[PDB]
$ cat structure_19.txt   # compact mmCIF, N, CA and C atoms
# COMPACT_ATOMS: atom_id res chain seq x y z
N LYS X 35 0.85 -1.21 0.00
CA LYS X 35 0.00 0.00 0.00
C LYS X 35 0.88 1.25 0.00
N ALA X 36 0.43 2.30 -0.67
CA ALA X 36 1.21 3.53 -0.75
C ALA X 36 0.29 4.75 -0.72
N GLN X 37 0.75 5.82 -0.08
CA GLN X 37 0.01 7.07 -0.06
C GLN X 37 0.95 8.27 0.01
N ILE X 38 0.69 9.27 -0.81
CA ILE X 38 1.50 10.47 -0.83
C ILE X 38 0.69 11.68 -0.39
N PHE X 39 1.22 12.43 0.56
CA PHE X 39 0.56 13.64 1.03
C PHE X 39 1.18 14.85 0.36
N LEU X 40 0.37 15.55 -0.42
CA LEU X 40 0.85 16.68 -1.20
C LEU X 40 0.69 17.98 -0.42
N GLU X 41 1.66 18.86 -0.57
CA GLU X 41 1.64 20.15 0.09
C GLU X 41 0.63 21.06 -0.60
N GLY X 42 -0.29 21.59 0.18
CA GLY X 42 -1.34 22.42 -0.37
C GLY X 42 -2.61 21.62 -0.63
N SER X 43 -2.45 20.32 -0.80
CA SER X 43 -3.59 19.44 -0.99
C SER X 43 -4.11 18.96 0.36
N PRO X 44 -5.42 19.09 0.59
CA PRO X 44 -6.06 18.67 1.84
C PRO X 44 -6.26 17.15 1.90
N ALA X 45 -5.90 16.47 0.82
CA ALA X 45 -6.09 15.03 0.74
C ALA X 45 -4.85 14.36 0.17
N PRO X 46 -4.47 13.20 0.72
CA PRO X 46 -3.37 12.41 0.21
C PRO X 46 -3.81 11.45 -0.90
N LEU X 47 -2.90 11.17 -1.82
CA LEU X 47 -3.16 10.23 -2.89
C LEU X 47 -2.76 8.83 -2.42
N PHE X 48 -3.75 7.96 -2.23
CA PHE X 48 -3.49 6.65 -1.65
C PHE X 48 -3.98 5.53 -2.56
N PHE X 49 -3.15 4.51 -2.70
CA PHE X 49 -3.48 3.32 -3.47
C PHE X 49 -2.82 2.11 -2.84
N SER X 50 -3.29 0.92 -3.19
CA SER X 50 -2.66 -0.30 -2.72
C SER X 50 -1.33 -0.49 -3.45
N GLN X 51 -1.35 -0.22 -4.75
CA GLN X 51 -0.17 -0.34 -5.60
C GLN X 51 0.89 0.67 -5.18
N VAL X 52 2.02 0.19 -4.65
CA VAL X 52 3.08 1.12 -4.23
C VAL X 52 3.75 1.70 -5.46
N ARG X 53 4.17 0.80 -6.34
CA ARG X 53 4.84 1.15 -7.58
C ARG X 53 4.06 2.17 -8.40
N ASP X 54 2.73 2.08 -8.37
CA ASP X 54 1.89 3.01 -9.11
C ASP X 54 1.82 4.36 -8.42
N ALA X 55 1.49 4.36 -7.13
CA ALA X 55 1.34 5.60 -6.37
C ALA X 55 2.66 6.37 -6.32
N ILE X 56 3.76 5.65 -6.15
CA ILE X 56 5.08 6.27 -6.11
C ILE X 56 5.44 6.86 -7.48
N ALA X 57 4.93 6.25 -8.55
CA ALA X 57 5.10 6.81 -9.89
C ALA X 57 4.43 8.19 -9.98
N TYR X 58 3.25 8.32 -9.39
CA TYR X 58 2.53 9.59 -9.38
C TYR X 58 3.32 10.65 -8.62
N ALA X 59 4.03 10.22 -7.59
CA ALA X 59 4.87 11.11 -6.79
C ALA X 59 6.08 11.60 -7.58
N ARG X 60 6.39 10.91 -8.67
CA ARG X 60 7.59 11.20 -9.45
C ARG X 60 7.26 11.99 -10.72
N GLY X 61 5.99 12.27 -10.95
CA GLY X 61 5.60 12.95 -12.16
C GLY X 61 4.30 13.72 -12.02
N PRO X 62 3.16 13.02 -11.98
CA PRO X 62 1.81 13.62 -11.84
C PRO X 62 1.63 14.53 -10.61
N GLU X 63 2.68 14.69 -9.80
CA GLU X 63 2.61 15.54 -8.62
C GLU X 63 2.76 17.02 -8.99
N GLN X 64 2.74 17.31 -10.28
CA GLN X 64 2.87 18.68 -10.76
C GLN X 64 1.72 19.56 -10.27
N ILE X 65 0.63 18.93 -9.84
CA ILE X 65 -0.51 19.66 -9.30
C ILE X 65 -0.16 20.26 -7.93
N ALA X 66 0.48 19.46 -7.08
CA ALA X 66 0.90 19.91 -5.77
C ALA X 66 2.12 19.12 -5.34
N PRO X 67 3.10 19.76 -4.69
CA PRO X 67 4.37 19.12 -4.36
C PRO X 67 4.20 18.03 -3.31
N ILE X 68 4.97 16.97 -3.45
CA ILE X 68 4.92 15.89 -2.49
C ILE X 68 5.60 16.30 -1.19
N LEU X 69 4.82 16.41 -0.13
CA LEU X 69 5.35 16.80 1.17
C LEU X 69 6.02 15.60 1.81
N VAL X 70 5.28 14.49 1.85
CA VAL X 70 5.79 13.25 2.42
C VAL X 70 4.96 12.07 1.93
N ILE X 71 5.63 10.97 1.64
CA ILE X 71 4.96 9.76 1.21
C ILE X 71 5.10 8.66 2.26
N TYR X 72 3.99 8.03 2.58
CA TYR X 72 3.98 6.92 3.51
C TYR X 72 3.64 5.65 2.76
N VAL X 73 4.36 4.58 3.03
CA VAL X 73 4.15 3.34 2.33
C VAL X 73 4.05 2.17 3.30
N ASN X 74 3.15 1.26 3.00
CA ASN X 74 3.09 0.01 3.72
C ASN X 74 3.98 -0.98 2.99
N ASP X 75 5.18 -1.16 3.53
CA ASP X 75 6.20 -2.03 2.95
C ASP X 75 5.66 -3.43 2.74
N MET X 76 5.38 -3.74 1.48
CA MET X 76 4.82 -5.02 1.08
C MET X 76 5.38 -5.42 -0.27
N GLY X 77 6.71 -5.42 -0.38
CA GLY X 77 7.35 -5.79 -1.62
C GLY X 77 7.38 -4.65 -2.62
N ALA X 78 6.21 -4.07 -2.88
CA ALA X 78 6.07 -2.88 -3.72
C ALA X 78 6.41 -3.16 -5.18
N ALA X 79 7.69 -3.09 -5.51
CA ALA X 79 8.14 -3.33 -6.87
C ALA X 79 8.78 -4.70 -7.00
N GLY X 80 9.13 -5.29 -5.86
CA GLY X 80 9.64 -6.65 -5.87
C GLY X 80 8.57 -7.59 -6.35
N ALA X 81 7.37 -7.37 -5.84
CA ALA X 81 6.19 -8.09 -6.28
C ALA X 81 5.46 -7.30 -7.35
N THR X 82 4.18 -7.57 -7.46
CA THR X 82 3.29 -6.81 -8.30
C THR X 82 2.47 -5.86 -7.44
N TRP X 83 1.63 -5.05 -8.06
CA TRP X 83 0.68 -4.21 -7.34
C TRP X 83 -0.23 -5.03 -6.41
N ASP X 84 -0.22 -6.35 -6.57
CA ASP X 84 -0.98 -7.24 -5.70
C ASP X 84 -0.22 -7.45 -4.40
N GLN X 85 1.11 -7.50 -4.52
CA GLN X 85 2.03 -7.54 -3.37
C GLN X 85 2.00 -8.89 -2.64
N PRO X 86 3.13 -9.29 -2.03
CA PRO X 86 3.25 -10.59 -1.37
C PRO X 86 2.48 -10.66 -0.05
N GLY X 87 2.85 -9.82 0.91
CA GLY X 87 2.21 -9.86 2.21
C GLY X 87 2.53 -8.64 3.05
N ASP X 88 1.99 -8.61 4.26
CA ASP X 88 2.16 -7.47 5.16
C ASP X 88 3.57 -7.42 5.73
N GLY X 89 4.14 -6.23 5.77
CA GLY X 89 5.48 -6.07 6.30
C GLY X 89 5.62 -4.86 7.20
N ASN X 90 6.39 -3.89 6.76
CA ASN X 90 6.74 -2.73 7.58
C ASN X 90 5.88 -1.52 7.22
N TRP X 91 5.64 -0.63 8.16
CA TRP X 91 5.06 0.65 7.82
C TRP X 91 6.15 1.71 7.88
N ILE X 92 6.34 2.44 6.79
CA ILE X 92 7.44 3.40 6.71
C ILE X 92 7.06 4.63 5.90
N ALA X 93 7.85 5.69 6.02
CA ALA X 93 7.74 6.84 5.15
C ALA X 93 8.77 6.72 4.03
N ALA X 94 8.30 6.41 2.82
CA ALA X 94 9.19 6.18 1.68
C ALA X 94 10.08 7.38 1.42
N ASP X 95 9.54 8.56 1.69
CA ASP X 95 10.27 9.82 1.51
C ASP X 95 11.50 9.88 2.40
N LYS X 96 11.41 9.18 3.52
CA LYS X 96 12.48 9.15 4.51
C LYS X 96 13.06 7.75 4.61
N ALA X 97 13.09 7.03 3.49
CA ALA X 97 13.51 5.65 3.50
C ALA X 97 14.40 5.34 2.31
N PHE X 98 14.76 4.07 2.17
CA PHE X 98 15.63 3.65 1.09
C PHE X 98 14.82 3.23 -0.11
N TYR X 99 15.30 3.63 -1.27
CA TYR X 99 14.67 3.31 -2.53
C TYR X 99 15.66 2.53 -3.38
N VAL X 100 15.22 1.46 -4.00
CA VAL X 100 16.04 0.82 -4.99
C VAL X 100 15.35 0.85 -6.34
N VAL X 101 16.08 1.40 -7.29
CA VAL X 101 15.63 1.51 -8.66
C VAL X 101 16.30 0.41 -9.47
N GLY X 102 15.51 -0.48 -10.04
CA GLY X 102 16.05 -1.67 -10.67
C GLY X 102 16.64 -1.41 -12.04
N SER X 103 17.89 -1.81 -12.22
CA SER X 103 18.58 -1.62 -13.49
C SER X 103 18.42 -2.85 -14.38
N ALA X 104 18.42 -4.03 -13.78
CA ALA X 104 18.33 -5.27 -14.54
C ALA X 104 16.89 -5.55 -14.97
N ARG X 105 15.96 -5.35 -14.04
CA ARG X 105 14.56 -5.62 -14.32
C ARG X 105 13.70 -4.43 -13.89
N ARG X 106 13.36 -3.56 -14.84
CA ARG X 106 12.42 -2.46 -14.60
C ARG X 106 12.38 -1.54 -15.82
N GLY X 107 11.50 -0.55 -15.78
CA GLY X 107 11.33 0.36 -16.90
C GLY X 107 12.35 1.47 -16.93
N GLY X 108 13.60 1.14 -17.23
CA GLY X 108 14.62 2.16 -17.38
C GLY X 108 14.28 3.13 -18.49
N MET X 109 13.79 2.59 -19.60
CA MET X 109 13.32 3.39 -20.71
C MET X 109 11.80 3.30 -20.82
N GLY X 110 11.16 2.83 -19.76
CA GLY X 110 9.72 2.60 -19.80
C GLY X 110 9.04 3.02 -18.52
N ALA X 111 8.34 2.09 -17.87
CA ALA X 111 7.67 2.36 -16.61
C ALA X 111 8.45 1.77 -15.43
N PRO X 112 9.33 2.58 -14.82
CA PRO X 112 10.14 2.14 -13.69
C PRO X 112 9.36 2.09 -12.38
N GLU X 113 9.56 1.01 -11.66
CA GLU X 113 8.92 0.80 -10.38
C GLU X 113 9.98 0.77 -9.29
N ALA X 114 9.63 1.26 -8.13
CA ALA X 114 10.58 1.40 -7.04
C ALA X 114 10.16 0.56 -5.86
N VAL X 115 11.08 -0.18 -5.28
CA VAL X 115 10.76 -0.85 -4.03
C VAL X 115 11.38 -0.08 -2.87
N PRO X 116 10.52 0.64 -2.12
CA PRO X 116 10.89 1.40 -0.93
C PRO X 116 10.98 0.51 0.31
N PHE X 117 12.13 0.51 0.96
CA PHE X 117 12.34 -0.33 2.13
C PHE X 117 13.01 0.46 3.24
N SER X 118 12.71 0.09 4.48
CA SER X 118 13.30 0.74 5.64
C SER X 118 14.73 0.24 5.87
N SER X 119 14.96 -1.03 5.58
CA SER X 119 16.27 -1.63 5.75
C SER X 119 17.08 -1.51 4.47
N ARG X 120 18.19 -0.78 4.54
CA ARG X 120 19.07 -0.58 3.39
C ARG X 120 19.57 -1.91 2.85
N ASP X 121 19.98 -2.78 3.75
CA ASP X 121 20.60 -4.04 3.36
C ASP X 121 19.65 -4.90 2.55
N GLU X 122 18.35 -4.78 2.83
CA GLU X 122 17.33 -5.48 2.05
C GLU X 122 17.26 -4.92 0.64
N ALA X 123 17.35 -3.60 0.52
CA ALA X 123 17.31 -2.94 -0.77
C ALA X 123 18.56 -3.29 -1.57
N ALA X 124 19.69 -3.39 -0.88
CA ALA X 124 20.96 -3.77 -1.50
C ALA X 124 20.89 -5.20 -2.02
N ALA X 125 20.25 -6.08 -1.25
CA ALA X 125 20.07 -7.46 -1.66
C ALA X 125 19.25 -7.54 -2.95
N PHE X 126 18.25 -6.67 -3.05
CA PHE X 126 17.42 -6.58 -4.24
C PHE X 126 18.27 -6.20 -5.44
N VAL X 127 19.23 -5.30 -5.21
CA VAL X 127 20.14 -4.86 -6.25
C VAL X 127 21.04 -5.99 -6.71
N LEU X 128 21.54 -6.76 -5.75
CA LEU X 128 22.36 -7.93 -6.05
C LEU X 128 21.64 -8.86 -7.01
N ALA X 129 20.33 -8.93 -6.86
CA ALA X 129 19.50 -9.79 -7.69
C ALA X 129 19.13 -9.11 -9.01
N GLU X 130 18.69 -7.85 -8.94
CA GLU X 130 18.19 -7.16 -10.14
C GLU X 130 18.21 -5.64 -10.00
N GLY X 131 17.97 -5.17 -8.80
CA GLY X 131 17.99 -3.74 -8.53
C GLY X 131 19.26 -3.06 -9.03
N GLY X 132 19.17 -1.76 -9.24
CA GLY X 132 20.30 -1.03 -9.77
C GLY X 132 21.05 -0.27 -8.70
N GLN X 133 20.41 0.75 -8.16
CA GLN X 133 21.03 1.57 -7.14
C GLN X 133 20.11 1.73 -5.94
N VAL X 134 20.68 1.71 -4.75
CA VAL X 134 19.94 2.02 -3.55
C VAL X 134 20.20 3.46 -3.15
N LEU X 135 19.16 4.26 -3.24
CA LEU X 135 19.24 5.67 -2.94
C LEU X 135 18.02 6.10 -2.14
N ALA X 136 18.20 7.02 -1.22
CA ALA X 136 17.08 7.54 -0.43
C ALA X 136 16.18 8.38 -1.31
N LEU X 137 14.92 8.55 -0.92
CA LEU X 137 14.00 9.34 -1.71
C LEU X 137 14.48 10.79 -1.77
N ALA X 138 15.18 11.20 -0.73
CA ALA X 138 15.80 12.52 -0.67
C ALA X 138 16.96 12.64 -1.66
N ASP X 139 17.35 11.52 -2.25
CA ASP X 139 18.48 11.50 -3.18
C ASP X 139 18.05 10.94 -4.53
N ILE X 140 16.75 10.93 -4.78
CA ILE X 140 16.23 10.41 -6.04
C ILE X 140 16.54 11.36 -7.17
N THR X 141 17.24 10.85 -8.16
CA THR X 141 17.54 11.61 -9.35
C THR X 141 16.79 11.02 -10.53
N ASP X 142 16.41 11.87 -11.48
CA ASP X 142 15.69 11.42 -12.66
C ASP X 142 16.59 10.60 -13.56
N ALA X 143 17.90 10.79 -13.42
CA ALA X 143 18.88 10.10 -14.26
C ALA X 143 18.92 8.60 -13.97
N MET X 144 18.69 8.22 -12.73
CA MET X 144 18.76 6.81 -12.35
C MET X 144 17.44 6.10 -12.57
N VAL X 145 16.34 6.83 -12.44
CA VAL X 145 15.02 6.23 -12.55
C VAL X 145 14.64 6.04 -14.01
N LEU X 146 15.25 6.83 -14.88
CA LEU X 146 14.93 6.79 -16.29
C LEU X 146 16.11 7.26 -17.12
N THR X 147 16.42 6.52 -18.17
CA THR X 147 17.49 6.89 -19.07
C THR X 147 16.97 7.18 -20.46
N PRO X 148 17.65 8.09 -21.17
CA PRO X 148 17.37 8.34 -22.59
C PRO X 148 17.56 7.06 -23.38
N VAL X 149 18.77 6.52 -23.29
CA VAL X 149 19.05 5.16 -23.70
C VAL X 149 19.73 4.45 -22.55
N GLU X 150 20.99 4.84 -22.33
CA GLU X 150 21.88 4.32 -21.30
C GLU X 150 23.30 4.75 -21.62
N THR X 151 23.90 4.05 -22.59
CA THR X 151 25.23 4.34 -23.13
C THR X 151 26.28 4.60 -22.03
N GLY X 152 26.09 4.00 -20.86
CA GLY X 152 26.98 4.25 -19.75
C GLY X 152 26.71 5.60 -19.13
N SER X 153 25.52 5.75 -18.57
CA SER X 153 25.09 7.02 -18.02
C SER X 153 25.48 7.14 -16.55
N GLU X 154 25.47 8.37 -16.05
CA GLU X 154 25.91 8.66 -14.69
C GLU X 154 24.77 8.53 -13.69
N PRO X 155 25.08 8.18 -12.43
CA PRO X 155 24.08 8.02 -11.38
C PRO X 155 23.51 9.35 -10.88
N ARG X 156 23.37 9.49 -9.55
CA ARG X 156 22.74 10.66 -8.95
C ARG X 156 23.44 11.97 -9.35
N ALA X 157 24.75 11.89 -9.62
CA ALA X 157 25.53 13.04 -10.06
C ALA X 157 26.99 12.64 -10.31
N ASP X 158 27.21 11.34 -10.51
CA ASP X 158 28.57 10.78 -10.53
C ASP X 158 29.34 11.29 -9.31
N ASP X 159 28.94 10.79 -8.15
CA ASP X 159 29.36 11.35 -6.87
C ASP X 159 29.54 10.26 -5.83
N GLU X 160 28.59 9.32 -5.82
CA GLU X 160 28.61 8.21 -4.88
C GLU X 160 29.76 7.26 -5.19
$ encode --input "structure_19.txt" --output "structure tokens"
Amino acid sequence: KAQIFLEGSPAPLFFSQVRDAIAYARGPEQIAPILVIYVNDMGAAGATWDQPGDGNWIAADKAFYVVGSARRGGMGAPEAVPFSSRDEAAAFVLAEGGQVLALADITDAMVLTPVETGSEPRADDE
């Protein structure tokens, strides 16, 4: 489950699909800025919008994000698995994930590429 609370908006955007709702936070939020996003850690992008099972309750905005390089919409529809435990997100990367970065460190360059051609991460800094 995922929900984003927008600044200026009296109502948060909430859905079961984490990957979907978090996508809205990364684009369709042009209506009102994302103040903070809360997510019910349930696989999110590891699974489908149906999700495996109940896990952690966390604020994705203040948590770890892994953007999948091996399996995800790098040039398409990228999904993010937000997790409270970094090491879990890193394990996801070992399997398929690309980079583990906090939502406070989310760059458009890592979530989506023009092509790839050996592109730089958050700022070629990490």
$ closest_residue --input "structure_19.txt" --among "X:54, X:139, X:75, X:154" --to "residue 117 in chain X" --atoms "all atoms listed in the file"
X:75
$ residues_around --input "structure_19.txt" --residues "residue 53 in chain X" --least-positions-apart "4" --cutoff "7 Å" --atoms "all atoms listed in the file" --output "MDAnalysis selection string"
chainID X and resid 36 57:58 78:79 82:83 112:115
$ closest_residue --input "structure_19.txt" --among "X:67, X:62, X:86, X:81" --to "residue 43 in chain X" --atoms "only C-alpha atoms"
X:67
$ residues_around --input "structure_19.txt" --residues "residue 148 in chain X" --least-positions-apart "3" --cutoff "9 Å" --atoms "only C-alpha atoms" --output "mmCIF file with N, CA and C atoms, in the frame of the given file"
data_model
loop_
_atom_site.group_PDB
_atom_site.id
_atom_site.type_symbol
_atom_site.label_atom_id
_atom_site.label_comp_id
_atom_site.auth_asym_id
_atom_site.auth_seq_id
_atom_site.Cartn_x
_atom_site.Cartn_y
_atom_site.Cartn_z
ATOM 1 N N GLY X 108 13.600 1.140 -17.230
ATOM 2 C CA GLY X 108 14.620 2.160 -17.380
ATOM 3 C C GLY X 108 14.280 3.130 -18.490
ATOM 4 N N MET X 109 13.790 2.590 -19.600
ATOM 5 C CA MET X 109 13.320 3.390 -20.710
ATOM 6 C C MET X 109 11.800 3.300 -20.820
ATOM 7 N N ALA X 143 17.900 10.790 -13.420
ATOM 8 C CA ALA X 143 18.880 10.100 -14.260
ATOM 9 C C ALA X 143 18.920 8.600 -13.970
ATOM 10 N N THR X 151 23.900 4.050 -22.590
ATOM 11 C CA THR X 151 25.230 4.340 -23.130
ATOM 12 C C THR X 151 26.280 4.600 -22.030
#
$ closest_residue --input "structure_19.txt" --among "X:70, X:76, X:56, X:125" --to "residue 93 in chain X" --atoms "only C-alpha atoms"
X:70
$ closest_residue --input "structure_19.txt" --among "X:141, X:147, X:133, X:37" --to "residue 73 in chain X" --atoms "only N, CA and C atoms"
X:37
$ residues_around --input "structure_19.txt" --residues "residue 123 in chain X" --least-positions-apart "6" --cutoff "6.5 Å" --atoms "only N, CA and C atoms" --output "compact mmCIF listing (two decimals) with N, CA and C atoms, keeping the file's coordinate frame"
# COMPACT_ATOMS: atom_id res chain seq x y z
N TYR X 99 15.30 3.63 -1.27
CA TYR X 99 14.67 3.31 -2.53
C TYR X 99 15.66 2.53 -3.38
N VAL X 100 15.22 1.46 -4.00
CA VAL X 100 16.04 0.82 -4.99
C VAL X 100 15.35 0.85 -6.34
N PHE X 117 12.13 0.51 0.96
CA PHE X 117 12.34 -0.33 2.13
C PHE X 117 13.01 0.46 3.24
N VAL X 134 20.68 1.71 -4.75
CA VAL X 134 19.94 2.02 -3.55
C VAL X 134 20.20 3.46 -3.15
$ atom_distance --input "structure_19.txt" --atom1 "CA of residue 102 in chain X" --atom2 "CA of residue 157 in chain X"
17.5 Å
$ closest_residue --input "structure_19.txt" --among "X:156, X:120, X:105, X:60" --to "residue 38 in chain X" --atoms "only C-alpha atoms"
X:60
$ atom_distance --input "structure_19.txt" --atom1 "atom C of residue 138 in chain X" --atom2 "atom N of residue 98 in chain X"
9.6 Å
$ atom_distance --input "structure_19.txt" --atom1 "CA of residue 122 in chain X" --atom2 "CA of residue 72 in chain X"
18.3 Å
$ select_by_dssp --input "structure_19.txt" --residues "chain X" --states "strand (DSSP E)" --output "PyMOL selection string"
chain X and resi 36-40+47-49+68-75+90-92+98-102+114-117+131-136
